[PDB]
Amino acid sequence: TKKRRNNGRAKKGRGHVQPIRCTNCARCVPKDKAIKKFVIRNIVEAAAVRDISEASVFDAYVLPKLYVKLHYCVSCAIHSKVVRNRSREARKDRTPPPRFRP
Amino acid sequence: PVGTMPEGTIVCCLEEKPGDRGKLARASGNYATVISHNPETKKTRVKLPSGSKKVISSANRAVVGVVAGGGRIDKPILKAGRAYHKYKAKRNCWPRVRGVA
Amino acid sequence: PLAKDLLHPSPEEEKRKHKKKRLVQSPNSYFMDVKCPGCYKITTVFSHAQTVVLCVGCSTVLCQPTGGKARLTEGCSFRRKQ
Amino acid sequence: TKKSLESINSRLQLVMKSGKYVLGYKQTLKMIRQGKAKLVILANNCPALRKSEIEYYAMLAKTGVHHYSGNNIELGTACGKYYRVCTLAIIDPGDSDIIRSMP
Amino acid sequence: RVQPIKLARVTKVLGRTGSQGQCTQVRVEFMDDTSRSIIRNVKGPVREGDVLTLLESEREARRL
Amino acid sequence: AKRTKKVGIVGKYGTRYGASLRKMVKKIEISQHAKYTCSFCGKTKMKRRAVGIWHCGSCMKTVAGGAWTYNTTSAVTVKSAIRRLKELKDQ
Amino acid sequence: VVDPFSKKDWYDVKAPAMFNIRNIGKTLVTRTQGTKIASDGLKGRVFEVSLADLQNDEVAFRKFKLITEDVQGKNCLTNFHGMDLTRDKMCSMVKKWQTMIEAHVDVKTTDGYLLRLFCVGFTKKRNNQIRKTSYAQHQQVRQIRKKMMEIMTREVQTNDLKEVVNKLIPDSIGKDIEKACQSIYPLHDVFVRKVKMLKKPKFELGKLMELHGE
Amino acid sequence: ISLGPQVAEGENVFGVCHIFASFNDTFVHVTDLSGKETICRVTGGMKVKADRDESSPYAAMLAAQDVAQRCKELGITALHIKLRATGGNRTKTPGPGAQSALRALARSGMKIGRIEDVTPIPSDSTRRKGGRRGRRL
RNA sequence: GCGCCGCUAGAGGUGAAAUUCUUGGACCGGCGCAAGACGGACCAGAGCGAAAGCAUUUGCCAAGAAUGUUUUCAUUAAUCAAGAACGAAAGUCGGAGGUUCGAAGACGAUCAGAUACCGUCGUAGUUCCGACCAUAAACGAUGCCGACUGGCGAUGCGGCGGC
Ligand SMILES: [Mg+2]
Ligand SMILES: [Zn+2]
Ligand SMILES: [Zn+2]
């Protein structure tokens, strides 16, 4: 049976997209099947914030962030639990999950 | 001189000692690349056409480029008569009997 | 909309369609009169013009051809005719 | 190498269709020593002492020399014909502005 | 190298952990200021608000 | 006419020397026997003299070229990088 | 058995006179034992220093390079080598749904200091803009990029290296290509991304000692 | 008194410290301001005898202890941080011995200046050692 | 990869480890140079192309759709046996090149066994030019041309009108 209307991929008006390679297992995936995740992790590991700002040579130092783009094959996106298997009618929404930062 | 041309240049007919008037990479199609100048204790290294890197003088005089006549070993001799004329002009070595026979 | 009286449309609905696809087809072009500043010569240049039209005596540039409808060069006196 | 070398060889074929000119070495040599040649064009292929004296009479006739970046078989097709021509002189351009270009 | 074996009072207990229900995350405070507070884990039962003594004070928390 | 269908220039060797060896020769052979366009006069008169030696029927100019073709691609790759190293850094 | 840090000594590294703070730091080098003298061992040392510990207020995401070209006893005098941005700034400003344009040009000064200038720029989302993609078109990209490299080809070929590196402590070049391109498409993160060094003019000793004067 | 710089009480000297925190190991190499003269390189794999724990954060913790207890022992007193991942062809996130090597360098008496991630990011080059279906554990 | 410096005994790689690299000083840090590949992030249910496919900047050359058109010719059209053109990757022949990766093969492991997964190395191959082969889950698993038959927001390219 055809499972999904797009074929798991966001290509419509093309014939071919670039292959990129998975981050953890280095598997060859197209650029628009690959599960992207952009990580804006602060480099300081927030438990270790009030141990370096007192050891700083300033009084208010802007701690640099780290900006690493991840992208995954879906055999390693499901195993690492960055995406989850969903029900057959909760599948037709492209909205992302909420943030819940504080 | 090889001490003045920059690195990665393509060189034929270079002296292996200063004054030798050209000994290395003289056959057809051959060339040598310069790499790694050393301005103190003036001596450069080159890359011989056998893949051997060899240190030479800085003042070994040498002609820029590759030797004319390259690709000569891409055509087969293809019959015994054209190997006869090939070595008739060089030496007396061509009909080589196997030592087993 | 089962009962659109599609033989007598409003001219508001007639204006905002294609120049084909109308109940009776008709162009969006017109002819326009242009007074170049400094002569008697009204020119009768076409609206969606394609050539660089020049004036007869005061032979500066009159209009410029562009994408659909011709960019007039000078802010000059102007009226749509017929 | 992409858009606009149709300033040189497309204004040159416009003179070819409209204006008047001579092709060849010794025809331009006649035209440049009696002044009637307005602009001479030399090909990249032309021999170095032939180039050196066509420039030298245009120093004397006070006319322009253009060095067409291209072969003499390339300048012949840029004329629009099946010759090879190193040197030409246009002696009456039609209405284009090869003279009133860059030189 | 040589650390004082530093004691610490606990704020809110962060529930069980340790894959068998054996370890409790506790978030201690270091008895000298309430600004300095690391999250750590003990085994055995806790009673929120008591005092426990770290043999070495700062190693790691539970995160992958 | 289409007097042969595959061998071409190496039909002169006949049934001899192999199938791949004759196919190897007919590339080199149509290249050393060709008339090449002269870069110096424009006339397609570059005929090969001895191996490595290329000469004009008209303007009479002798060029040191390749063994079987006028430009060895190893040699033209050199000339592209020599003039690069000449203008870059200026020795 | 022997300690290699007893045969060494600490010099100190100076900035050119156009910066406010002049004393960069303290490198170290071994002492002379025969061949290895203590003046070729530290020429060509690159000191990657930012503006914020080299000016009184200026930003931290912009660093310079400062090759060593002379030793004057304990002093270790430097000259400009290049600049680039920090990478956290460099990829904070690369966001989706905007066209990034970049240009590069090889311009030498009037002082004989052939440089290669790297500039970026990002198209700007407006203040009432409702549509998501603030993309430029490709011919708008090409005429911005021609406008970017034309302006910096001016203001480096104007005069010597000294006023050129002094031009991009505040980065008035990025302000200049900002104001002169926003009647084509508005741009909002427009920096000279990197300056790379290609030539050195013979090392006149008088020119460097001009740079460590008043 | 051949060891030590010429500093007063209040002034501090800077050197950069490279945290190459990959998997399988971690490097807490510290050097001068030019990066050319090594002051103290010690490695988390040189202070464990386990070979699982070369890339532990506890190895990077006490390697950062030793490199700070030698740095301050010399006379260099404050450090720039130049944290790396493997980068280039491999992964571009740092390993487990990044944050522990940074915090142990701050708890054990050392001052910290400009910090920056300096890992190699390519402009799309150099096909990666996995094959096409990757590695299949 | 190779030079020249700096400091030190490990570095690498794994679920573990080993084969392996290393005080003729490896990895690491710096400055350089060379070479061959490849164009990241921007990069999207965006664009172009007949399909395969196409992403660094400027620049010779030829093409093209859509739109605009009160221009032109006046059925010149549709689909198409035969017969052609192009067609991923792998593959073949020949020459350049050979960084990375890597069939085959060698070894180290793991295993009852491992001719597999995993690791170290590595041939052909992967890159370019020329000549071939003409096949793919060449898939939207939907031939092309034509018309009619709901709604709504958005997008890409033109054109028109307005605070
Ligand atoms: Mg024999
Ligand atoms: Zn994966
Ligand atoms: Zn000739």
# chains A, B, ... in the order shown; residues from 1 in each chain; ligands from 1
>>> residues_near_ligand(ligand="ligand 1", cutoff="6 Å", atoms="only C-alpha atoms (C1' of nucleotides) and all ligand atoms", output="ChimeraX atom specification")
/B:96-98
>>> interface_residues(of="chain G", to="chain I", cutoff="12 Å", atoms="only C-alpha atoms (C1' of nucleotides)", output="PyMOL selection string")
chain G and resi 3-5+8+28-30+36+40-48+67-68+87+90-105+118+120-123+130-133+135+137-138+141-143+145-146+149
>>> residues_around(residues="residue 28 (chain F)", least_positions_apart="3", cutoff="12 Å", atoms="only C-alpha atoms (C1' of nucleotides)", output="ChimeraX atom specification")
/B:71-76 /F:9-10,21-25,31-34,66-70 /I:94-95,130
>>> residues_near_ligand(ligand="ligand 2", cutoff="8 Å", atoms="only C-alpha atoms (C1' of nucleotides) and all ligand atoms", output="NGL selection string")
(:A and (22-27 or 72-77)) or (:H and (134))
>>> write_last_selection(atoms="N, CA, C and O atoms", output="mmCIF file, in the first residue's frame")
data_model
loop_
_atom_site.group_PDB
_atom_site.id
_atom_site.type_symbol
_atom_site.label_atom_id
_atom_site.label_comp_id
_atom_site.auth_asym_id
_atom_site.auth_seq_id
_atom_site.Cartn_x
_atom_site.Cartn_y
_atom_site.Cartn_z
ATOM 1 N N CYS A 22 24.573 10.818 6.836
ATOM 2 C CA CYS A 22 24.086 10.820 8.207
ATOM 3 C C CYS A 22 25.208 11.164 9.172
ATOM 4 O O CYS A 22 26.386 10.957 8.887
ATOM 5 N N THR A 23 24.845 11.731 10.313
ATOM 6 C CA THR A 23 25.892 12.233 11.186
ATOM 7 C C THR A 23 26.492 11.119 12.031
ATOM 8 O O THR A 23 27.719 10.984 12.106
ATOM 9 N N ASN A 24 25.657 10.292 12.656
ATOM 10 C CA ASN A 24 26.228 9.309 13.565
ATOM 11 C C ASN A 24 26.726 8.064 12.842
ATOM 12 O O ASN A 24 27.804 7.554 13.164
ATOM 13 N N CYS A 25 25.977 7.557 11.865
ATOM 14 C CA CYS A 25 26.349 6.303 11.232
ATOM 15 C C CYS A 25 26.922 6.468 9.839
ATOM 16 O O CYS A 25 27.360 5.466 9.267
ATOM 17 N N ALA A 26 26.888 7.679 9.281
ATOM 18 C CA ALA A 26 27.465 8.032 7.982
ATOM 19 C C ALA A 26 26.821 7.250 6.840
ATOM 20 O O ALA A 26 27.491 6.614 6.029
ATOM 21 N N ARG A 27 25.500 7.331 6.772
ATOM 22 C CA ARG A 27 24.737 6.645 5.746
ATOM 23 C C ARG A 27 24.241 7.660 4.732
ATOM 24 O O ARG A 27 23.881 8.784 5.086
ATOM 25 N N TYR A 72 19.971 13.224 10.014
ATOM 26 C CA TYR A 72 19.972 11.797 10.296
ATOM 27 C C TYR A 72 19.302 11.005 9.188
ATOM 28 O O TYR A 72 18.312 11.451 8.604
ATOM 29 N N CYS A 73 19.823 9.808 8.932
ATOM 30 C CA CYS A 73 19.007 8.781 8.313
ATOM 31 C C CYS A 73 17.908 8.374 9.286
ATOM 32 O O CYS A 73 18.042 8.509 10.505
ATOM 33 N N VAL A 74 16.805 7.865 8.746
ATOM 34 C CA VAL A 74 15.672 7.613 9.622
ATOM 35 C C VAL A 74 15.786 6.267 10.322
ATOM 36 O O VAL A 74 15.068 6.014 11.301
ATOM 37 N N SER A 75 16.708 5.413 9.894
ATOM 38 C CA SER A 75 17.008 4.227 10.672
ATOM 39 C C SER A 75 17.748 4.572 11.953
ATOM 40 O O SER A 75 17.691 3.801 12.912
ATOM 41 N N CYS A 76 18.435 5.711 11.991
ATOM 42 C CA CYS A 76 19.071 6.210 13.201
ATOM 43 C C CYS A 76 18.337 7.389 13.815
ATOM 44 O O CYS A 76 18.716 7.835 14.900
ATOM 45 N N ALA A 77 17.314 7.914 13.144
ATOM 46 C CA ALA A 77 16.458 8.909 13.768
ATOM 47 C C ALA A 77 15.439 8.266 14.688
ATOM 48 O O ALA A 77 15.084 8.841 15.718
ATOM 49 N N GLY H 134 26.427 3.074 5.503
ATOM 50 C CA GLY H 134 26.953 3.444 6.793
ATOM 51 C C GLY H 134 27.610 2.267 7.483
ATOM 52 O O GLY H 134 27.967 1.270 6.858
#
>>> select_by_dssp(residues="region 16-70 of chain H", states="strand (DSSP E or B)", output="JSON, numbers by chain")
{"H": [16, 17, 20, 21, 26, 27, 30, 31, 38, 39, 40, 43]}
>>> write_last_selection(atoms="N, CA, C and O atoms", output="PDB file, in the first residue's frame")
ATOM      1  N   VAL H  16      46.848  30.340  25.279  1.00  0.00           N
ATOM      2  CA  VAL H  16      45.648  29.683  24.780  1.00  0.00           C
ATOM      3  C   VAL H  16      45.704  28.214  25.170  1.00  0.00           C
ATOM      4  O   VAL H  16      46.779  27.625  25.313  1.00  0.00           O
ATOM      5  N   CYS H  17      44.530  27.626  25.381  1.00  0.00           N
ATOM      6  CA  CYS H  17      44.412  26.230  25.782  1.00  0.00           C
ATOM      7  C   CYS H  17      43.473  25.528  24.818  1.00  0.00           C
ATOM      8  O   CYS H  17      42.323  25.944  24.659  1.00  0.00           O
ATOM      9  N   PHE H  20      40.885  19.568  22.675  1.00  0.00           N
ATOM     10  CA  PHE H  20      40.473  18.636  21.629  1.00  0.00           C
ATOM     11  C   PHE H  20      39.724  17.514  22.321  1.00  0.00           C
ATOM     12  O   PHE H  20      40.301  16.514  22.737  1.00  0.00           O
ATOM     13  N   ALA H  21      38.420  17.688  22.451  1.00  0.00           N
ATOM     14  CA  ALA H  21      37.577  16.732  23.152  1.00  0.00           C
ATOM     15  C   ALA H  21      36.810  15.930  22.117  1.00  0.00           C
ATOM     16  O   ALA H  21      35.668  16.240  21.784  1.00  0.00           O
ATOM     17  N   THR H  26      40.820  12.732  24.855  1.00  0.00           N
ATOM     18  CA  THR H  26      40.667  14.168  25.034  1.00  0.00           C
ATOM     19  C   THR H  26      42.026  14.805  25.291  1.00  0.00           C
ATOM     20  O   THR H  26      42.862  14.250  26.004  1.00  0.00           O
ATOM     21  N   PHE H  27      42.249  15.964  24.687  1.00  0.00           N
ATOM     22  CA  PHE H  27      43.517  16.670  24.789  1.00  0.00           C
ATOM     23  C   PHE H  27      43.299  18.006  25.477  1.00  0.00           C
ATOM     24  O   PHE H  27      42.400  18.764  25.101  1.00  0.00           O
ATOM     25  N   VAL H  30      47.972  22.963  26.497  1.00  0.00           N
ATOM     26  CA  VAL H  30      48.038  24.411  26.679  1.00  0.00           C
ATOM     27  C   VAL H  30      49.378  24.911  26.141  1.00  0.00           C
ATOM     28  O   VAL H  30      50.384  24.198  26.160  1.00  0.00           O
ATOM     29  N   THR H  31      49.378  26.129  25.609  1.00  0.00           N
ATOM     30  CA  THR H  31      50.548  26.683  24.945  1.00  0.00           C
ATOM     31  C   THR H  31      50.582  28.191  25.177  1.00  0.00           C
ATOM     32  O   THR H  31      49.833  28.727  25.998  1.00  0.00           O
ATOM     33  N   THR H  38      54.689  24.968  23.217  1.00  0.00           N
ATOM     34  CA  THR H  38      53.891  24.176  24.141  1.00  0.00           C
ATOM     35  C   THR H  38      54.351  24.392  25.576  1.00  0.00           C
ATOM     36  O   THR H  38      55.544  24.303  25.878  1.00  0.00           O
ATOM     37  N   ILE H  39      53.399  24.691  26.454  1.00  0.00           N
ATOM     38  CA  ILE H  39      53.664  24.796  27.880  1.00  0.00           C
ATOM     39  C   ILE H  39      53.442  23.468  28.581  1.00  0.00           C
ATOM     40  O   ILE H  39      54.317  22.976  29.296  1.00  0.00           O
ATOM     41  N   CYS H  40      52.271  22.865  28.389  1.00  0.00           N
ATOM     42  CA  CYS H  40      51.946  21.607  29.055  1.00  0.00           C
ATOM     43  C   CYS H  40      50.875  20.905  28.239  1.00  0.00           C
ATOM     44  O   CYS H  40      49.734  21.365  28.199  1.00  0.00           O
ATOM     45  N   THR H  43      47.144  14.319  28.542  1.00  0.00           N
ATOM     46  CA  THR H  43      46.071  13.673  27.809  1.00  0.00           C
ATOM     47  C   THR H  43      45.294  12.791  28.769  1.00  0.00           C
ATOM     48  O   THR H  43      45.883  12.176  29.661  1.00  0.00           O
TER      49      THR H  43
END
>>> atom_distance(atom1="CA of residue 59 (chain F)", atom2="CA of residue 72 (chain F)")
23.1 Å
>>> residues_around(residues="residue 66 (chain B)", least_positions_apart="4", cutoff="6 Å", atoms="only C-alpha atoms (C1' of nucleotides)", output="ChimeraX atom specification")
/B:12,30-31
>>> write_last_selection(atoms="C-alpha atoms", output="PDB file, in the first residue's frame")
ATOM      1  CA  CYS B  12      63.281  18.798 -17.055  1.00  0.00           C
ATOM      2  CA  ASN B  30      59.839  13.045 -18.251  1.00  0.00           C
ATOM      3  CA  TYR B  31      59.955  15.885 -15.763  1.00  0.00           C
TER       4      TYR B  31
END
>>> residues_near_ligand(ligand="ligand 3", cutoff="7 Å", atoms="only C-alpha atoms (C1' of nucleotides) and all ligand atoms", output="VMD selection string")
chain F and resid 38 to 43 45 to 46 56 to 61
>>> write_last_selection(atoms="N, CA, C and O atoms", output="PDB file, in the first residue's frame")
ATOM      1  N   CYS F  38      47.541  24.762 -37.921  1.00  0.00           N
ATOM      2  CA  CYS F  38      48.699  25.440 -37.369  1.00  0.00           C
ATOM      3  C   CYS F  38      48.269  26.655 -36.565  1.00  0.00           C
ATOM      4  O   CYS F  38      47.515  27.501 -37.050  1.00  0.00           O
ATOM      5  N   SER F  39      48.760  26.745 -35.333  1.00  0.00           N
ATOM      6  CA  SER F  39      48.494  27.914 -34.510  1.00  0.00           C
ATOM      7  C   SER F  39      49.278  29.136 -34.959  1.00  0.00           C
ATOM      8  O   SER F  39      48.995  30.239 -34.488  1.00  0.00           O
ATOM      9  N   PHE F  40      50.250  28.968 -35.847  1.00  0.00           N
ATOM     10  CA  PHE F  40      51.152  30.043 -36.217  1.00  0.00           C
ATOM     11  C   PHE F  40      50.809  30.677 -37.551  1.00  0.00           C
ATOM     12  O   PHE F  40      51.171  31.834 -37.777  1.00  0.00           O
ATOM     13  N   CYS F  41      50.114  29.957 -38.425  1.00  0.00           N
ATOM     14  CA  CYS F  41      49.698  30.512 -39.700  1.00  0.00           C
ATOM     15  C   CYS F  41      48.245  30.241 -40.041  1.00  0.00           C
ATOM     16  O   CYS F  41      47.733  30.875 -40.966  1.00  0.00           O
ATOM     17  N   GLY F  42      47.563  29.338 -39.347  1.00  0.00           N
ATOM     18  CA  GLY F  42      46.165  29.084 -39.588  1.00  0.00           C
ATOM     19  C   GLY F  42      45.872  27.994 -40.593  1.00  0.00           C
ATOM     20  O   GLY F  42      44.754  27.474 -40.608  1.00  0.00           O
ATOM     21  N   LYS F  43      46.834  27.631 -41.428  1.00  0.00           N
ATOM     22  CA  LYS F  43      46.607  26.614 -42.438  1.00  0.00           C
ATOM     23  C   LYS F  43      46.783  25.233 -41.828  1.00  0.00           C
ATOM     24  O   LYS F  43      47.720  24.996 -41.064  1.00  0.00           O
ATOM     25  N   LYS F  45      48.233  22.476 -41.935  1.00  0.00           N
ATOM     26  CA  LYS F  45      49.403  21.921 -42.579  1.00  0.00           C
ATOM     27  C   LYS F  45      50.388  21.291 -41.614  1.00  0.00           C
ATOM     28  O   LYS F  45      51.471  20.896 -42.053  1.00  0.00           O
ATOM     29  N   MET F  46      50.066  21.207 -40.322  1.00  0.00           N
ATOM     30  CA  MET F  46      50.974  20.586 -39.364  1.00  0.00           C
ATOM     31  C   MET F  46      51.046  19.098 -39.645  1.00  0.00           C
ATOM     32  O   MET F  46      50.132  18.347 -39.302  1.00  0.00           O
ATOM     33  N   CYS F  56      55.394  22.697 -40.503  1.00  0.00           N
ATOM     34  CA  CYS F  56      54.423  23.353 -41.368  1.00  0.00           C
ATOM     35  C   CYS F  56      54.815  23.194 -42.826  1.00  0.00           C
ATOM     36  O   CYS F  56      55.976  23.379 -43.183  1.00  0.00           O
ATOM     37  N   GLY F  57      53.833  22.918 -43.682  1.00  0.00           N
ATOM     38  CA  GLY F  57      54.087  23.008 -45.106  1.00  0.00           C
ATOM     39  C   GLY F  57      54.300  24.434 -45.565  1.00  0.00           C
ATOM     40  O   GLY F  57      55.045  24.682 -46.517  1.00  0.00           O
ATOM     41  N   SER F  58      53.665  25.387 -44.891  1.00  0.00           N
ATOM     42  CA  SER F  58      53.751  26.801 -45.214  1.00  0.00           C
ATOM     43  C   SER F  58      53.972  27.566 -43.924  1.00  0.00           C
ATOM     44  O   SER F  58      53.297  27.293 -42.931  1.00  0.00           O
ATOM     45  N   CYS F  59      54.871  28.548 -43.980  1.00  0.00           N
ATOM     46  CA  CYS F  59      55.591  29.335 -42.976  1.00  0.00           C
ATOM     47  C   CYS F  59      56.740  28.549 -42.360  1.00  0.00           C
ATOM     48  O   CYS F  59      57.555  29.149 -41.664  1.00  0.00           O
ATOM     49  N   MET F  60      56.855  27.240 -42.626  1.00  0.00           N
ATOM     50  CA  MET F  60      58.074  26.443 -42.441  1.00  0.00           C
ATOM     51  C   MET F  60      58.578  26.441 -40.999  1.00  0.00           C
ATOM     52  O   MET F  60      59.770  26.591 -40.740  1.00  0.00           O
ATOM     53  N   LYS F  61      57.666  26.288 -40.048  1.00  0.00           N
ATOM     54  CA  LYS F  61      58.014  26.422 -38.642  1.00  0.00           C
ATOM     55  C   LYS F  61      57.886  25.073 -37.953  1.00  0.00           C
ATOM     56  O   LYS F  61      56.868  24.393 -38.091  1.00  0.00           O
TER      57      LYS F  61
END
>>> residues_around(residues="residue 43 (chain E)", least_positions_apart="2", cutoff="7 Å", atoms="only C-alpha atoms (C1' of nucleotides)", output="list in words")
residues 22, 23, 24, 41 and 45 of chain E
>>> write_last_selection(atoms="N, CA and C atoms", output="CSV table (one decimal), in the first residue's frame")
chain,number,residue,atom,x,y,z
E,22,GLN,N,16.8,2.7,42.8
E,22,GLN,CA,17.8,2.6,43.9
E,22,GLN,C,18.4,3.9,44.3
E,23,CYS,N,18.5,4.8,43.3
E,23,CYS,CA,19.3,6.1,43.5
E,23,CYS,C,18.3,7.2,43.4
E,24,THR,N,18.5,8.3,44.2
E,24,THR,CA,17.6,9.4,44.3
E,24,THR,C,18.4,10.7,43.9
E,41,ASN,N,23.3,12.6,43.4
E,41,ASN,CA,22.5,11.5,43.7
E,41,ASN,C,23.1,10.7,44.8
E,45,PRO,N,17.4,6.0,51.7
E,45,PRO,CA,16.2,7.0,51.7
E,45,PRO,C,16.6,8.3,52.3
>>> residues_around(residues="residue 11 (chain B)", least_positions_apart="2", cutoff="10 Å", atoms="only C-alpha atoms (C1' of nucleotides)", output="PDB file with C-alpha atoms, in the first residue's frame")
ATOM      1  CA  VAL B   2      66.135  25.801  -9.122  1.00  0.00           C
ATOM      2  CA  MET B   5      61.819  29.081  -9.409  1.00  0.00           C
ATOM      3  CA  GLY B   8      55.553  22.887  -7.586  1.00  0.00           C
ATOM      4  CA  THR B   9      57.094  23.886 -10.896  1.00  0.00           C
ATOM      5  CA  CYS B  13      67.005  18.229 -17.653  1.00  0.00           C
ATOM      6  CA  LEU B  14      68.273  19.259 -14.225  1.00  0.00           C
ATOM      7  CA  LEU B  24      68.235  14.109 -14.601  1.00  0.00           C
ATOM      8  CA  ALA B  25      64.912  13.621 -16.461  1.00  0.00           C
ATOM      9  CA  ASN B  30      59.839  13.045 -18.251  1.00  0.00           C
ATOM     10  CA  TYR B  31      59.955  15.885 -15.763  1.00  0.00           C
ATOM     11  CA  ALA B  32      60.809  16.639 -12.165  1.00  0.00           C
ATOM     12  CA  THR B  33      58.929  18.713  -9.616  1.00  0.00           C
ATOM     13  CA  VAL B  34      60.626  21.001  -7.124  1.00  0.00           C
ATOM     14  CA  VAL B  46      63.222  17.553  -6.136  1.00  0.00           C
ATOM     15  CA  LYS B  47      60.998  14.662  -7.154  1.00  0.00           C
ATOM     16  CA  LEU B  48      62.700  12.364  -9.647  1.00  0.00           C
ATOM     17  CA  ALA B  62      67.522  23.531 -15.076  1.00  0.00           C
ATOM     18  CA  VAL B  63      65.073  24.109 -17.919  1.00  0.00           C
ATOM     19  CA  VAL B  64      61.407  24.778 -17.170  1.00  0.00           C
ATOM     20  CA  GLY B  65      58.970  22.267 -18.597  1.00  0.00           C
ATOM     21  CA  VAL B  66      58.474  18.672 -19.657  1.00  0.00           C
ATOM     22  CA  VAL B  67      60.470  16.833 -22.329  1.00  0.00           C
TER      23      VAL B  67
ATOM     24  CA  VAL F  78      52.167  22.049 -17.315  1.00  0.00           C
TER      25      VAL F  78
END
>>> closest_atom_pairs(of="chain C", to="chain I", cutoff="9 Å", atoms="only C-alpha atoms (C1' of nucleotides)", output="JSON lines")
{"residue": "C:27", "atom": "CA", "partner": "I:70", "partner_atom": "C1'", "distance": 7.1}
{"residue": "C:29", "atom": "CA", "partner": "I:70", "partner_atom": "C1'", "distance": 7.1}
{"residue": "C:30", "atom": "CA", "partner": "I:70", "partner_atom": "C1'", "distance": 7.6}
{"residue": "C:31", "atom": "CA", "partner": "I:70", "partner_atom": "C1'", "distance": 8.9}
{"residue": "C:48", "atom": "CA", "partner": "I:69", "partner_atom": "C1'", "distance": 6.9}
{"residue": "C:49", "atom": "CA", "partner": "I:69", "partner_atom": "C1'", "distance": 8.2}
{"residue": "C:50", "atom": "CA", "partner": "I:69", "partner_atom": "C1'", "distance": 8.3}
{"residue": "C:66", "atom": "CA", "partner": "I:68", "partner_atom": "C1'", "distance": 9.0}
{"residue": "C:67", "atom": "CA", "partner": "I:68", "partner_atom": "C1'", "distance": 6.1}
{"residue": "C:68", "atom": "CA", "partner": "I:68", "partner_atom": "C1'", "distance": 4.3}
{"residue": "C:69", "atom": "CA", "partner": "I:68", "partner_atom": "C1'", "distance": 7.5}
>>> select_by_dssp(residues="chain B", states="helix (DSSP H, G or I)", output="short mmCIF file (atom, residue, chain, number, x, y, z; two decimals) with N, CA, C and O atoms, in the first residue's frame")
data_model
loop_
_atom_site.label_atom_id
_atom_site.label_comp_id
_atom_site.auth_asym_id
_atom_site.auth_seq_id
_atom_site.Cartn_x
_atom_site.Cartn_y
_atom_site.Cartn_z
N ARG B 72 55.40 8.05 -25.93
CA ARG B 72 56.03 7.19 -26.93
C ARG B 72 55.79 5.72 -26.66
O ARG B 72 55.78 4.92 -27.59
N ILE B 73 55.56 5.35 -25.41
CA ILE B 73 55.35 3.96 -25.05
C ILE B 73 53.86 3.61 -25.00
O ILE B 73 53.47 2.61 -24.42
N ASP B 74 53.02 4.43 -25.63
CA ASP B 74 51.61 4.13 -25.75
C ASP B 74 51.27 3.38 -27.03
O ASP B 74 50.22 2.75 -27.09
N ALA B 80 57.74 -7.81 -34.94
CA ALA B 80 59.14 -8.03 -34.62
C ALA B 80 60.07 -7.14 -35.42
O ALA B 80 61.19 -6.87 -34.99
N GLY B 81 59.64 -6.68 -36.59
CA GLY B 81 60.50 -5.86 -37.41
C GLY B 81 60.70 -4.46 -36.88
O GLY B 81 61.76 -3.87 -37.07
N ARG B 82 59.69 -3.90 -36.22
CA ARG B 82 59.86 -2.55 -35.69
C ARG B 82 60.61 -2.53 -34.38
O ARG B 82 61.07 -1.46 -33.97
N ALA B 83 60.77 -3.66 -33.71
CA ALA B 83 61.73 -3.75 -32.63
C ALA B 83 63.14 -3.95 -33.14
O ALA B 83 64.09 -3.62 -32.44
N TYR B 84 63.28 -4.48 -34.35
CA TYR B 84 64.59 -4.60 -34.97
C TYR B 84 65.15 -3.24 -35.33
O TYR B 84 66.32 -2.96 -35.05
N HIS B 85 64.34 -2.40 -35.95
CA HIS B 85 64.80 -1.06 -36.30
C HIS B 85 64.94 -0.17 -35.09
O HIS B 85 65.71 0.80 -35.14
N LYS B 86 64.22 -0.46 -34.01
CA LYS B 86 64.34 0.32 -32.78
C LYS B 86 65.71 0.15 -32.15
O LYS B 86 66.32 1.12 -31.71
N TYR B 87 66.20 -1.08 -32.11
CA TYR B 87 67.48 -1.33 -31.48
C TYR B 87 68.63 -1.37 -32.46
O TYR B 87 69.78 -1.43 -32.02
N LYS B 88 68.37 -1.32 -33.77
CA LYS B 88 69.47 -1.23 -34.73
C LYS B 88 70.16 0.12 -34.61
O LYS B 88 71.36 0.23 -34.87
#
>>> closest_atom_pairs(of="chain I", to="chain A", cutoff="9 Å", atoms="only C-alpha atoms (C1' of nucleotides)", output="Markdown table")
| residue | atom | partner | partner_atom | distance |
| --- | --- | --- | --- | --- |
| I:41 | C1' | A:69 | CA | 8.2 |
| I:44 | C1' | A:10 | CA | 8.9 |
| I:45 | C1' | A:10 | CA | 4.2 |
| I:47 | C1' | A:13 | CA | 8.7 |
| I:51 | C1' | A:15 | CA | 8.7 |
| I:52 | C1' | A:15 | CA | 8.2 |
| I:53 | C1' | A:16 | CA | 6.6 |
| I:54 | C1' | A:16 | CA | 8.9 |
| I:140 | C1' | A:12 | CA | 8.7 |
